[PDB]
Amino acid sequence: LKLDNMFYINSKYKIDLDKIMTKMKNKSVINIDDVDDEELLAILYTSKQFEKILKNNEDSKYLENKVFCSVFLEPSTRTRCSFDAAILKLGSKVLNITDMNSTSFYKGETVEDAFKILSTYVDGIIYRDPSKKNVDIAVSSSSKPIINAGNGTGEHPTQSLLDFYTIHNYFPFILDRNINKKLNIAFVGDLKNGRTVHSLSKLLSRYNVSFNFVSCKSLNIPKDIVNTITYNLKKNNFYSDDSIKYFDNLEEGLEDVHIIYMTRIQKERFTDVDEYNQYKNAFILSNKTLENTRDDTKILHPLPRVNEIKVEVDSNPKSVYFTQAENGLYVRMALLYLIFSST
């Protein structure tokens, strides 16, 4: 697999793919901190390759004869199906456990033992669970690599990877760490519960980025995350009093941002009905709301959406969430290729 695509050859951070693969072989990806600077760039270049290969109907079968287990103990479309598609288009095979309760899969069996056994039959495991902590038990027990597909309200590392790829596409300076080229993002909605928000904000804070956090009170971004953002921006001297701002309305939170990152208000997590109805309707993105964005503003959403983005916005050239979803195929193909390829 040779990187010939028009991003890698123009890029100014050339890379040794062989060296990075060695380093990447058999790595678990649990949190976005498990992927460093060079790994990221390798993912991104390799992701463009696979995009190019697929867009040009060329042979995508660069990882043959692996068998993966896909374990989804909570509902998923994009994430589960796109992993599987990536697995199959690469020439490898997948076993699926898709069981809708953590309870009735650990049926008096410890997680430790389940992952001990299960890892013997496969080269790798993809693992979504509504528990934050189970993936950690799994990583220590497993003899094979785990890719976390979302652990409760913790993280979604491969979401953040495909999100970044999509951002980089429109705003390639995000990688340069150039103090005169700041990206501005607005994260809107369920900041407390959104594992995608969590992973993407920690990832972006390693680059030259300022953050608008647009939420109603009970879904404010967790303090531990702003401390992580704050620490990371300080590390590269991109921190100022303007780096992080909090808003409770759209009009203000959307000003001068390159990226609008919309999110779903997670009904499943609310107890007060009235509080849900109120929060549900707070931030609704519409062409009217977009009139005052920058012209180059791009709209992401990890999906699925309920009412938070009106369908009219799909026709606005600012909306890219369907492309974003598409990219998951390419990014997940790249991640798997890098980790699981033979020596």
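A residue's number is simply how far along the shown sequence it sits, counting from 1.
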Original post:
Which of the two stretches, 106-114 or 169-177, shows the higher mean Cα temperature factor in the record?
Top reply: 106-114
Original post:
Is the mean CA B factor in the deposited entry higher across 227-235 or across 96-104?
Top reply: 96-104
**OP:** Select one of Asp190, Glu155, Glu255, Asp163: the residue whose C-alpha shows the highest B-factor in the crystal structure entry.
**Re:** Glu255
Subject >> Entry-reported Cα temperature factor of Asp241, expressed as the chain third it lands in >> reply: highest
**OP:** Just say lowest, middle or highest third for the CA B-factor of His301 relative to the other modelled residues in its chain.
**Re:** lowest
Original post:
If you rank every modelled residue in this chain by C-alpha B factor, which third holds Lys217: lowest, middle or highest?
Top reply: highest
Subject >> Entry-reported Cα temperature factor of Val311, expressed as the chain third it lands in >> reply: highest
**OP:** Name the third of the chain's ranked CA B-factors that contains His198, choosing lowest, middle or highest.
**Re:** lowest
